[PDB]
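In the structure tokens that follow, a single protein chain appears in two forms: structure 1, then structure 2.
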Structure 1
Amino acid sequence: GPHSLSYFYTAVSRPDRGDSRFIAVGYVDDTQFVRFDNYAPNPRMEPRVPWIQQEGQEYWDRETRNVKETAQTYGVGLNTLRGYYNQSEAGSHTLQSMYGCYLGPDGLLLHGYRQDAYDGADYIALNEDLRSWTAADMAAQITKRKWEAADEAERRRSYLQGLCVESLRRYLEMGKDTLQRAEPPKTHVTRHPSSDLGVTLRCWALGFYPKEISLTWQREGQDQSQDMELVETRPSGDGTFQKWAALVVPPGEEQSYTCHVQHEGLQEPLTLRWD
């Protein structure tokens, strides 16, 4: 349904073992399209899909420099956090940020978001109003006072309502080919003779886009997620996604079980049996 533009920043302090590492990745829905990494041999903002390269040189110039500034500010913020939590200058630490915007049907902001984590735990988050902040602890409260004084929420709101959705609108036409078409899953059921008191039924979903999907198993109509193994959705490596759901059934009751697949690329809920 809704389309999104999102950026993910990771900053890793390597304390007196170098300089701070910074990597940024950009996504339009579940498709990555740019990347920057300052531990890379030659840090530059690079394309990662074909369509994004039909952009001009000005784009790569602006984006490269902007993320290069952001990386230095994050190297600063890592040591600021170091101080807030009163931590030593020797152990490595992590600062993550994710932000982005979802487009409504009208072509304007449905909702925007911006959240940070320090060492894998919630730090500070912009609330859905794009005007107030939720701080997880009293160090994030220091950061929140700073951002209240600088009226930072208004800066983020201006970005999320303007440049974010405008960039997303343009990206959604440069990559019209693959961004605005859904790929339904290619599904099949696999049988494994495990023992003589159980065979394993595996329901596969391959080559689907976007990432969200529902895979469940039923017997004569009732759900069996209570005894079902469900792997985390994983990338195929070509921009699509894979998943499977397996369960143990008695030998001879294979037809008694059905796999149910739900995905926006399908016209109606899919049902599957081992054949």
Structure 2
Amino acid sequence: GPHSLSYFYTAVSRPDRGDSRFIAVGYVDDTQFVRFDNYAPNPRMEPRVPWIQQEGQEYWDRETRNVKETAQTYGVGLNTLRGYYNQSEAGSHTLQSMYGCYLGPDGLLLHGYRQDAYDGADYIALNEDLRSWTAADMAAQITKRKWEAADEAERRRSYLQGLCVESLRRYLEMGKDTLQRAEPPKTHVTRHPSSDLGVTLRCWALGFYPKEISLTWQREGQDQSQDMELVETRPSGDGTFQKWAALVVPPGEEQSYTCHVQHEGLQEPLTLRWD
């Protein structure tokens, strides 16, 4: 699929002394490359992968400035929405944002997004056309009228159409050897006879990138064996991810079940079994 550059912002209000904790992470697809935390002593934007350290100190100064100002803005937005929802100052509340841009075939913006949530549920999202807003509730309609009046949609559009895609191109060039190759999952099926007349088969896919993957089981019928103990996709810790799907089959019919794997690192769906 098309490459992506995105930014995730988490702002948490504190009851204790009126400020707010702001944490920002930056991703080039499924690889984190920057971070920021104003809990730190004299906070700065910090590198989190080797390649991004090819950027000079002017870049780091700028980024630091931009995220500090954004942090102040989210600090005031916390109070604003607290007023919108008629909530007191005793409790802690969260304001989250995720925005970003995908890189198109012509070298320009394929699509972009900017979504904001309050306390973990949709608040306001920028529509696909990048010229309108979808408000998730009544309080978000106030925000949306404010944003239509002063045309924040054009600011989001100017960012995602210029700065975002250009920076994403420069990044994909910088991290050429790691960001641009999708490594396929190394797959294998293990067997664990445990339950009475029941034997667990587990299909493992390890060490793949990007994170999206499909792991299903199949027996004599057509549907995915919903004899599926499927875990959430998890980071390996070195940039890749892993996953597995397990089920319990009678001791006799191990060869009647096949694990199907699908991942963009493979040109075709993979099929494997307990050998």
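For residue numbers, the reference is structure 1: its sequence is counted from 1. Here, rigid core means the biggest group of C-alpha atoms that superpose within 1.5 Å across both forms.
Annotation: the position in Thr70, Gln242, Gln224, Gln32 displaced by at least 2 Å at CA between structure 1 and structure 2, with the core superposed, corresponds to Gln224. The Cα position of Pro251 differs by less than 2 Å between structure 1 and structure 2 after fitting on the rigid core. The Cα shift for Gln57 between structure 1 and structure 2, taken after rigid core superposition, is smaller than 2 angstroms.
Look at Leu197: with the core superposed, its C-alpha moves 1.9 Å between structure 1 and structure 2. In the core-superposed comparison between structure 1 and structure 2, the CA atom of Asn42 travels 4.0 Å.
Summarising the core-aligned comparison between structure 1 and structure 2, the C-alpha atom of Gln267 is found to shift 2.7 Å.
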